[PDB]
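These notes are about the structure you will find just below.
Quick note: the coordinates plus some simple rules give every number you see, no bench work behind them. Neighbour counts are summed over all protein chains in view; Cβ atoms, including those assigned to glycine, are modelled from backbone coordinates with ideal geometry.
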Amino acid sequence: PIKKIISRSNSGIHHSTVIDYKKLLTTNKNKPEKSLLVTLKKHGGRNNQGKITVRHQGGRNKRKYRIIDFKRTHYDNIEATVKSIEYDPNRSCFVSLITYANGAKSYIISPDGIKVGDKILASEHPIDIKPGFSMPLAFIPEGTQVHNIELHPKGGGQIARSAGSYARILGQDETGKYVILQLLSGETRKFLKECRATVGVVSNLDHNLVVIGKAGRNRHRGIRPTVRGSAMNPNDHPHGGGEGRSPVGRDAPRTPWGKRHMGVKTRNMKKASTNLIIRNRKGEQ
Amino acid sequence: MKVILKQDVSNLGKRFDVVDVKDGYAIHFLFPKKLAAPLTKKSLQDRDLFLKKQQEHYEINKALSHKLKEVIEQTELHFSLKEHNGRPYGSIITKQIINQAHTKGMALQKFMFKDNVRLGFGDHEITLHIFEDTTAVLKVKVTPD
Amino acid sequence: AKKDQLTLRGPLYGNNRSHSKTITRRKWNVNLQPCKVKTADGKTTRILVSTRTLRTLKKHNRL
RNA sequence: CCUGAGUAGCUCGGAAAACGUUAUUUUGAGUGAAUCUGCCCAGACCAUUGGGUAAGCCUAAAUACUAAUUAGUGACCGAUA
RNA sequence: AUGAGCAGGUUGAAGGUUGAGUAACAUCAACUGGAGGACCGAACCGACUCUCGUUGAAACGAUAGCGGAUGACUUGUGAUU
RNA sequence: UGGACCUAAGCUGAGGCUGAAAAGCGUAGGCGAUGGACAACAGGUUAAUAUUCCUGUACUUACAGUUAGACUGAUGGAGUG
RNA sequence: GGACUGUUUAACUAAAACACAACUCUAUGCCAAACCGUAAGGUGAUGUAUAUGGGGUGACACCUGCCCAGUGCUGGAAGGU
RNA sequence: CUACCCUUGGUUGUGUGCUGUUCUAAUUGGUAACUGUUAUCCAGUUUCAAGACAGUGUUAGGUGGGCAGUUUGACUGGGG
């Protein structure tokens with residue numbers, strides 16, 4: 001839960017909030033387990049040659065990525081024992097260290113409502129209905145919450161893997177695939193029942209409550225201060241410049257490039273994923 | 001564009017002969033069962049030569065189809081599937097059959113089968129069509145480990 | 001490079017025009033079609049072919 | 001039997017030809033003939049007629065020049081050149 | 001990415017224990033606490049200012065201050081656009 | 001102290017891919033300390049050297065023969081680093 | 001006036017400017033939107049909508065009133081083209 | 001009665017497109033498995049998903065100061 005701390009600072013006030021991190025987790029100091037960690041580097045919006053591709057990225061602190069299993073099909077039908085819920089500095093979600101019943105450990109996603117010591121299973125057969133279990137979508141009745149859904153069959157959970165993410169079950173299609181799901185984006189997609197996912201909502205739904213409070217906390221995440229479009233030079237980004245603030249220019253102002261950013265439909269219907277759409281959050285299909 | 005039919009009557013009312021659909025790429029170059037000879041030589045000198053070649057090809061096709069039907073009756077396949085006490089945990093495809101045929105030294109192509117992925121264990125008998133001429137019948141023993 | 005191995009031919013180099021005949025350097029690239037080569041090598045692969053050369057090889061039955 | 005096949009050509013945008021694309025060469029794209037009887041050429045084309053039969057390869061001679069080896073000459077300069 | 005630095009001194013918070021108080025609170029008291037884009041203030045960063053110099057000692061300085069001076073830190077090594 | 005040891009962001013890059021060419025993407029490798037394990041102290045000495053010249057005070061890991069016991073186990077994996 | 005601490009035209013102008021937590025609107029479902037080159041390819045990102053990006057406002061609490069007439073943006077079946 | 005030509009109903013059917021099918025068999029994949037390999041590059045087989053779609057080239061539409069080059073008169077009691 002978010003909370004504030006009286007810092008007694010002599011430089012203004014702050015509305016920053018921090019989560020207690022200990023009525024839900026443990027071990028506030030880095031004490032990980034070896035052979036399951038990969039050091040990750042940040043790019044700061046730069047390309048493979050060092051040229052800018054993304055804006056205002058930088059200042060992030062070093063983070064060691066935890067080796068998570070996303071495909072989860074490497075070893076199935078072996079029951080795992082939940083051993084810990086570890087903070088993941090690489091993502092808004094948290095990782096979970098589980099121990100298999102054969103003598104191995106792994107990292108998985110942490111949904112909300114799980115406990116340390118529980119037992120889970122990832123198989124291609126129907127299994128116990130607990131948040132975390134994964135099975136073919138044809139075996140799951142409607143009315144549940146699912147996350148970490150893959151688009152590639154046996155590809156690995158990519159869609160809906162941030163904190164406080166879920167999907168609403170909207171029935172199944174005749175063809176044995178194209179299960180209808182309402183996603184947390186305003187869209188509604190027909191996925192593949194061959195593709196699997198981890199049921200349950202992702203933990204940390206309170207991510208909408210945390211407050212950065214100051215520019216410093218934001219910079220250390222990896223978000224750099226950036227200038228507004230109006231304050232840009234008449235040549236770098238021609239929405240202003242010179243003495244005195246001026247009203248914005250032509251209708252539907254531009255990005256650093258000539259594109260619109262308020263009402264332009266930037267998705268095209270010339271892909272196979274177009275047939276996978278039911279609701280497009282701007283009408284139908 | 002090729003204008004010579006080969007290996008069969010092309011799925012519609014016709015005689016197994018030269019005449020073809022006016023595409024040259026209808027199924028010709030996409031089917032290994034559609035062969036031909038250069039039309040430059042097939043103006044008038046190759047008429048009887050290709051007639052006798054077609055007759056000889058028909059005869060050997062019948063003979064080798066029967067010989068392969070007899071051979072598959074003694075080369076019964078044997079495979080395994082790692083499963084959760086019979087619960088589906090493995091995949092059965094034509095690929096392992098292709099690999100064992102490879103190791104045997106003989107060739108089995110895509111057109112000798114009509115499946116994509118299969119399933120099943122125990123000892124079971126299958127019957128797959130090859131042409132209107134013959135139809136392959138085989139037996140396979142899959143162990144559900 | 002934008003060219004097939006049979007004839008290493010790239011785009012043709014011309015000058016674009018308009019209603020007012022505006023000078024503009026321009027290139028017309030080739031309509032290269034990718035197809036599998038049918039031959040005896042050990043394992044067949046996919047190569048690019050020019051459509052006119054494709055017609056020539058089909059009319060000579062080059063597989 | 002044959003004398004150089006996606007060949008000459010036709011159509012959409014061009015490039016070279018004195019030409020800013022027309023007789024002539026080619027095509028980025030598509031289509032696509034013919035057989036010495038025939039084919040191409042004869043600044044649109046065509047009749048007759050004239051020439052040659054394209055659609056594979058090569059070649060010294062007359063082709064410019066000096067990093068220079070050397071001999072010779074400068075209405076060439078003479079340490080501001 | 002690999003490292004270093006912040007002399008010295010203030011300061012008494014959140015948090016947890018205990019007690020008074022209260023049904024439990026709130027409110028207070030003692031204890032760990034030294035947290036804090038916390039403070040003063042060396043070195044250090046910068047130049048917001050006064051003066052001087054203005055073919056200067058210096059192609060931008062001396063100068064007394066100044067804000068920061070445990071972090072929106074500074075610097076070091078190499079690459080980097 | 002730097003190499004005959006290894007790695008850092010990263011570079012190059014056998015082969016392979018992209019692009020008229022040049023050249024770029026790009027794998028194994030091969031490089032890449034500013035890091036990591038990495039075996040000596042004191043005193044005397046010259047116009048000019050010092051954990052390096054000299055005196056005493058410890059040795060080091062390789063390589064052999066020699067003495068005795070003993071079976072050892074990586075290139076693979078783990079801990080550690 | 002700017003909430004604040006802070007960045008800033010090196011060597012004329014340090015802040016009502018910029019940034020800023022946060023609010024708000026919107027595009028974006030993975031080979032994401034998007035960006036870079038042309039292309040492979042790469043970032044976004046070794047990320048997955050509570051995330052990225054852009055526009056506006058810029059402690060704190062409250063409101064932000066009339067309007068789609070023209071333009072932008074979206075959807076569109078009738079008719080002309 | 002037989003005949004040249006029709007409007008109008010069914011009517012037979014060719015030659016083309018408009019969509020609705022089905023399939024892969026060309027094609028694509030930054031799905032997965034195996035192999036080179038040991039190598040998340042790349043390549044080959046299978047697989048998965050589409051699939052004659054997409055994408056590319058040809059020719060043209062629509063938007064298109066992101067980007068390129070242009071044009072921006074004279075007299076004028078300075079000039080506007």
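Summary table below
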quantity	calculated
Peptides ranked, highest mean first, by Cβ atoms within 10 Å: ranges A:35-42, A:180-187	A:180-187, A:35-42
Ascending count of other beta-carbon atoms within 10 Å, so fewest first, for A:18, C:30	A:18, C:30
Proxy reagent accessibility, fewest Cβ within 10 Å first, across C:35, A:93, A:195	C:35, A:195, A:93
The protein assembly as shown: Rg to Rh, with Rh as the Kirkwood radius over Cα pairs	1.07
Degrees separating the helix B:95-104 axis from the principal Cα axis of chain B, which is the longest one	80
Computed FRET value (nearest 0.05) for residue B:84 with residue A:284, which takes r as the C-beta separation and R₀ as 51 Å	0.75
Long-range HN-HN contacts of residue A:71 with modeled amide H, under 5 Å	A:157
In region A:86-139, the trypsin sites (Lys or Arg not before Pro) that fall in loop regions by DSSP, at most 10 other Cβ within 10 Å	A:115
Under-5 Å amide H pairs with residue A:37, H placed in peptide plane, nonlocal only	A:67
Spin-label model distance (nm) - residue A:30 vs residue A:246, 7 Å beyond Cα toward Cβ	4.9
Candidates C:48, C:32, C:12, ranked by Gaussian network fluctuation over chain C, Cα under 10 Å, top entry	C:12
Proxy reagent accessibility, fewest Cβ within 10 Å first, across A:15, A:207	A:15, A:207
Charged-residue dipole, Cβ positions (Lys, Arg, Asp, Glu), chain B about Cα centre, Debye nearest 20	500
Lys, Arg +1 and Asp, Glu -1 on Cβ, resulting dipole of chain A about Cα centre, debye, nearest 20	1520
Averaged over B:105-113, number of beta-carbon atoms from partner chains that fall within 10 Å	0
Amide H partners (placed H, <5 Å) of residue A:85, local residues excluded	A:97
Phi to ³J(HN,Hα) by Karplus 6.51 cos²θ - 1.76 cosθ + 1.60 over region A:184-199, Hz, x for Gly, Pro	7, 9, x, 8, 9, 10, 9, 8, 9, 5, 5, 5, 10, 7, 9, 5
Packing-based order for A:218-228, A:260-270, using average beta carbon neighbours within 10 Å, highest first	A:218-228, A:260-270
Longest site-free stretch - chain B; sites: trypsin sites (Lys or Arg not before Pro), DSSP loop, at most 10 other Cβ within 10 Å	B:23-81
Relative contact order, percent, chain C [alpha-carbon distance under 8 Å, six or more residues apart]	27
Phi to ³J(HN,Hα) by Karplus 6.51 cos²θ - 1.76 cosθ + 1.60 over region A:82-95, Hz, x for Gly, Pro	5, 10, 7, 10, 9, 5, 10, x, 7, 8, 5, 9, 10, 8
Spin-label model distance (nm) - residue B:45 vs residue A:62, 7 Å beyond Cα toward Cβ	8.0
Test item: C:52-63 mean partner chain Cβ contacts at 10 Å	3
Number of partner chain Cβ atoms within 10 Å, mean per residue of B:83-89	3
From phi via Karplus (6.51, -1.76, 1.60), per-residue ³J(HN,Hα) for region A:120-127 in Hz, x at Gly/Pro	10, 8, 10, 9, 7, 10, x, 9
Distance (nanometres) between label positions extended 7 Å along Cα→Cβ at residue B:11 and residue A:154	3.0
